[PDB]
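Computed from the coordinates by the stated procedures, all read-outs in this text should not be read as laboratory data. For neighbour counting, all protein chains shown are included, and Cβ atoms are generated from backbone atoms with ideal geometry for every residue, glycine included.
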């Protein structure tokens with residue numbers, strides 16, 4: 001429970017920490033522990049050891065007891081982790097073990113591969129097909145309450161999710177007992193609360209969309225920034241129409257690609273994921289592409305807000321036929337990558353351009369999702385003194401999905417107008 | 001083999017750049033006896 | 001943006017390496033230095049090549065290697081190779097001293113830092 005309230009300066013914090021650790025050792029079948037290769041050599045392919053972590057932190061952080069409007073700041077932080085190490089040869093004792101490390105048995109997640117290989121208790125088989133695996137999960141759920149005005153309730157929310165799985169095969173060098181990773185790769189998911197209300201009310205139909213036009217124009221700005229990062233301004237940035245990179249003959253395989261993006265830098269065409277992911281994010285968050293982030297991931301979640309305003313009851317509405325009047329406005333936007341993964345094409349080889357002449361990207365994804373929801377955009381709930389209750393609300397949602405498989409933007413737009421009337425005629429005689 | 005998409009139409013590939021187009025898919029083969037449902041099949045809006 | 005100029009530093013490092021080790025290298029207008037140890041009996045921009053290259057830093061540490069022949073399209077490679085490979089024929093051997101702007105750039109990648117000078121020892125075994 002972290003008794004930080006003992007110090008009479010932090011008597012408002014209500015922190016709470018939870019740590020869970022799991023360890024498991026599993027004996028392999030003798031088909032593995034006594035594997036006999038066709039040459040007759042007997043190999044011990046080892047056992048499998050496993051790890052887990054469930055870090056949790058909850059804080060209420062009562063801001064009470066010009067910024068005094070903040071009342072509560074609830075923070076939730078969950079972090080899960082796990083490790084699978086195959087080919088682990090040593091056994092366990094009656095009461096347990098600490099052989100890899102004492103920390104691993106209690107879910108340290110600190111590396112043990114190289115130490116385990118050095119100590120000589122990883123399998124000596126040189127064609128081991130089992131993979132060393134690590135998983136990680138982070139979930140952040142900051143929540144706040146603002147009281148700017150006496151009858152104005154504001155709720156703020158920040159979310160951020162990040163998962164990551166690593167996988168590699170391995171061997172141990174017969175001399176020096178050194179752990180050798182083989183073809184490591186990564187995949188994961190990312191989510192974060194964002195704000196893109198700046199384009200929420202721009203007209204967007206089959207004939208016009210200012211945000212999409214900005215998306216189109218942002219590509220060259222982002223490509224120029226990326227090229228300046230790659231070609232570090234010491235040389236003229238090579239372009240697809242310049243003297244050194246001429247438009248080929250019409251029979252050449254790359255004539256159409258060179259024609260399509262004539263003034264773009266060589267490794268950053270209009271179709272590069274590295275170009276049009278930040279162009280897309282800049283265009284639909286309303287940011288300037290000259291300074292917006294060219295990163296795939298976002299560190300700081302942008303707060304989303306829920307506003308409730310029962311403040312019109314005090315202007316003149318006491319006896320102005322209104323017996324109730326409230327306004328409500330909620331906003332919620334998220335940026336999501338359902339699946340990103342490492343790219344085996346992003347390696348140390350001299351081959352740096354793909355079939356489309358784009359530079360290889362270290363992290364690749366098929367889709368990115370921008371989802372925005374006004375639930376409600378505005379809700380007007382008022383009852384007249386004549387018992388005429390009205391519950392009107394407007395809902396609005398956008399679901400931009402950018403596919404890097406076909407470089408198409410799929411946009412799902414929705415609007416909902418709801419009006420609920422309630423009245424009671426009194427003493428009607430049949 | 002010579003159907004390597006990375007070497008389409010280089011020097012001794014069995015495929016030309018026509019292989020990339022649905023309309024000219026048959027002409028995208030350099031080898032002779034190729035049939036539309038034996039050696040290859042085409043889809044236009046294939047779903048992943 | 002934090003763009004970085006490495007052209008002068010890379011040039012000075014290349015000439016220093018060419019001074020410490022007794023080698024005379026021809027220089028192109030793009031800043032690439034090459035030595036032709038042997039030639040054969042010319043790959044174009046659209047040509048498949050097979051190479052037994054070897055790549056290392058100025059300190060001699062190897063970052064990429066191919067002891068056996070590896071086939072490349074030569075239009076997908078780093079610019080230094082794009083200007084150095086067509087300088088010889090099948091069986092030829094060349095040594096490249098690629099600067100960063102012709103290599104992996106001011107950012108580099110994993111295992112190659114940004115603003116790094118690359119040395120390549122390339123044997124062109126075929127121009128198929």
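With respect to residue A:381, determine if the residue is away from chain C (no Cβ under 14 Å) and surrounded by fewer than 18 Cβ atoms within 10 Å (Cβ to Cβ).
On the way: away from chain C (no Cβ under 14 Å): yes; surrounded by fewer than 18 Cβ atoms within 10 Å (Cβ to Cβ): yes.
When the stated conditions are applied, residue A:381 passes them.
Determine whether residue C:127 is out of contact with any helix residue (DSSP H, G or I) (no Cβ under 6 Å at 6 or more places or on another chain), crowded, with 16+ Cβ neighbours inside 10 Å and more than 10 Å from chain A (Cβ to nearest Cβ). Full working, then the answer.
Working: out of contact with any helix residue (DSSP H, G or I) (no Cβ under 6 Å at 6 or more places or on another chain): yes; crowded, with 16+ Cβ neighbours inside 10 Å: yes; more than 10 Å from chain A (Cβ to nearest Cβ): yes.
In short, yes.
If residue A:126 meets every condition in (1) surrounded by 14 or more Cβ atoms within 10 Å (Cβ to Cβ); (2) touching a strand residue (DSSP E or B) at 6+ places or on another chain (Cβ under 7 Å); (3) over 15 Å from residue A:47 (Cβ atoms) apart from one, which number is that one?
The number of the failed condition is (1).
Taking the range C:94-121 only, how many residues are more than 9 Å from every other protein chain (Cβ to nearest Cβ) and outside any loop (DSSP other than H, G, I, E, B)?
Count: 7.
Taking only the range A:351-366 into account, find how many residues are within 20 Å of residue A:254 (Cα to Cα) and touching a strand residue (DSSP E or B) at 6+ places or on another chain (Cβ under 8 Å). Walk me through how you get there before you give the answer.
In the first step, residues of the range A:351-366 are kept if they are within 20 Å of residue A:254 (Cα to Cα); the result is A:351-360.
Then keep just the ones that are touching a strand residue (DSSP E or B) at 6+ places or on another chain (Cβ under 8 Å); that gives A:351-353, A:359-360.
Within the range A:351-366, residues that are within 20 Å of residue A:254 (Cα to Cα) and touching a strand residue (DSSP E or B) at 6+ places or on another chain (Cβ under 8 Å) number 5.
Kindly establish whether residue C:77 is surrounded by fewer than 19 Cβ atoms within 10 Å (Cβ to Cβ), within 28 Å of residue A:268 (Cβ to Cβ), in contact with a helix residue (DSSP H, G or I) (Cβ under 9 Å, 6 or more places away or on another chain) and within 14 Å of another protein chain (Cβ to nearest Cβ).
Numbers: surrounded by fewer than 19 Cβ atoms within 10 Å (Cβ to Cβ): no; within 28 Å of residue A:268 (Cβ to Cβ): yes; in contact with a helix residue (DSSP H, G or I) (Cβ under 9 Å, 6 or more places away or on another chain): yes; within 14 Å of another protein chain (Cβ to nearest Cβ): yes.
For residue C:77, the condition - surrounded by fewer than 19 Cβ atoms within 10 Å (Cβ to Cβ), within 28 Å of residue A:268 (Cβ to Cβ), in contact with a helix residue (DSSP H, G or I) (Cβ under 9 Å, 6 or more places away or on another chain) and within 14 Å of another protein chain (Cβ to nearest Cβ) - is not met.
Would you call residue C:55 in a helix (DSSP H, G or I) and in contact with a strand residue (DSSP E or B) (Cβ under 6 Å, 6 or more places away or on another chain)? Show your work before the answer.
Details: in a helix (DSSP H, G or I): no; in contact with a strand residue (DSSP E or B) (Cβ under 6 Å, 6 or more places away or on another chain): yes.
No.
Residue by residue, here is whether (1) under 23 Å from residue C:27 (Cα atoms); (2) more than 15 Å from the chain's Cα centre (by Cα); (3) not in a loop (DSSP other than H, G, I, E, B) holds:
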position	(1), (2), (3)
C:64	no, no, yes
C:71	no, yes, yes
C:75	yes, no, no
C:91	yes, yes, no
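Looking only at the range A:225-239, count every residue that is in contact with a strand residue (DSSP E or B) (Cβ under 8 Å, 6 or more places away or on another chain), within 11 Å of chain C (Cβ to nearest Cβ) and either under 18 Å from residue A:259 (Cα atoms) or assigned to a loop (DSSP other than H, G, I, E, B) (or both) and tell me the total.
Step one: list which residues in the range A:225-239 are in contact with a strand residue (DSSP E or B) (Cβ under 8 Å, 6 or more places away or on another chain), which gives A:226-227, A:230-231, A:237-239.
Cutting the leftovers down to within 11 Å of chain C (Cβ to nearest Cβ) gives us A:226-227, A:230-231, A:237-238.
Next cut, either under 18 Å from residue A:259 (Cα atoms) or assigned to a loop (DSSP other than H, G, I, E, B) (or both) only: A:231, A:237-238.
Residues flagged as in contact with a strand residue (DSSP E or B) (Cβ under 8 Å, 6 or more places away or on another chain), within 11 Å of chain C (Cβ to nearest Cβ) and either under 18 Å from residue A:259 (Cα atoms) or assigned to a loop (DSSP other than H, G, I, E, B) (or both) within the range A:225-239 amount to 3.
Test of understanding: among B:42, B:34, which residue is away from every other protein chain (no Cβ under 14 Å), surrounded by 15 or more Cβ atoms within 10 Å (Cβ to Cβ), under 11 Å from the mean Cα position of the chain (by Cα) and part of a loop (DSSP other than H, G, I, E, B)?
Numbers: B:42 fails: surrounded by 15 or more Cβ atoms within 10 Å (Cβ to Cβ).
Answer to the check: B:34.
Just to be sure I understand, how many residues within the range A:168-218 are in contact with a strand residue (DSSP E or B) (Cβ under 6 Å, 6 or more places away or on another chain), farther than 23 Å from residue A:88 by Cα and part of a strand (DSSP E or B)?
8
Residue under question is residue C:121, and the condition is that it be over 11 Å from the mean Cα position of the chain (by Cα) and surrounded by fewer than 18 Cβ atoms within 10 Å (Cβ to Cβ); does it hold?
Numbers: over 11 Å from the mean Cα position of the chain (by Cα): no; surrounded by fewer than 18 Cβ atoms within 10 Å (Cβ to Cβ): yes.
For residue C:121, the condition - over 11 Å from the mean Cα position of the chain (by Cα) and surrounded by fewer than 18 Cβ atoms within 10 Å (Cβ to Cβ) - is not met.
Considering only residues that are within 13 Å of chain A (Cβ to nearest Cβ) and either within 25 Å of residue B:2 (Cα to Cα) or crowded, with 20+ Cβ neighbours inside 10 Å (or both), which ones fall in the range C:64-74? Step through it out loud before you land on a result.
Going residue by residue through the range C:64-74, those that are within 13 Å of chain A (Cβ to nearest Cβ) are C:64-66, C:70-74.
Within the range C:64-74, C:66, C:70, C:71, C:72, C:73, C:74 qualify.
Among the residues of the range A:377-393, are any closer than 26 Å to residue A:267 by Cα and over 21 Å from the mean Cα position of the chain (by Cα)?
Pass one, the range A:377-393, residues closer than 26 Å to residue A:267 by Cα: none.
Among the residues of the range A:377-393, not one is closer than 26 Å to residue A:267 by Cα and over 21 Å from the mean Cα position of the chain (by Cα), which makes the answer no.
In this structure, does residue A:318 turn out to be more than 14 Å from chain C (Cβ to nearest Cβ) and farther than 30 Å from residue A:162 by Cβ? Talk me through it step by step, then tell me what you get.
Values: more than 14 Å from chain C (Cβ to nearest Cβ): yes; farther than 30 Å from residue A:162 by Cβ: yes.
Answer is yes for this residue.
Going through the range C:3-41 one residue at a time, which ones are in a loop (DSSP other than H, G, I, E, B), in contact with a helix residue (DSSP H, G or I) (Cβ under 8 Å, 6 or more places away or on another chain) and either within 13 Å of chain A (Cβ to nearest Cβ) or surrounded by 13 or more Cβ atoms within 10 Å (Cβ to Cβ) (or both)?
Hits for the range C:3-41 are C:3, C:6, C:25, C:28, C:30, C:31, C:32.
Going by what's in this entry, would residue C:46 be described as within 14 Å of another protein chain (Cβ to nearest Cβ) and farther than 18 Å from residue A:348 by Cβ? Before the answer, list the steps.
On the way: within 14 Å of another protein chain (Cβ to nearest Cβ): yes; farther than 18 Å from residue A:348 by Cβ: yes.
Spelling it out, residue C:46 is indeed within 14 Å of another protein chain (Cβ to nearest Cβ) and farther than 18 Å from residue A:348 by Cβ.
Give the range A:392-420 a look and list any residue that's away from chain B (no Cβ under 14 Å) and surrounded by fewer than 15 Cβ atoms within 10 Å (Cβ to Cβ), or say none. Break it down into steps so the answer makes sense when it comes.
Going through the range A:392-420, the residues away from chain B (no Cβ under 14 Å) turn out to be A:392-400, A:402, A:407, A:409, A:411-420.
Result: A:399, A:407, A:412, A:413, A:414, A:415, A:416, A:417, A:418, A:419, A:420.
Is it the case that residue A:101 is farther than 25 Å from residue A:161 by Cβ and out of contact with any strand residue (DSSP E or B) (no Cβ under 9 Å at 6 or more places or on another chain)? Outline the logic, then answer.
On the way: farther than 25 Å from residue A:161 by Cβ: yes; out of contact with any strand residue (DSSP E or B) (no Cβ under 9 Å at 6 or more places or on another chain): yes.
Yes.
Hey, can you tell me all the residues within the range A:321-364 that are in contact with a helix residue (DSSP H, G or I) (Cβ under 9 Å, 6 or more places away or on another chain), closer than 30 Å to residue A:227 by Cβ and more than 14 Å from chain C (Cβ to nearest Cβ)?
Listed by number, the residues that qualify are A:335, A:364.
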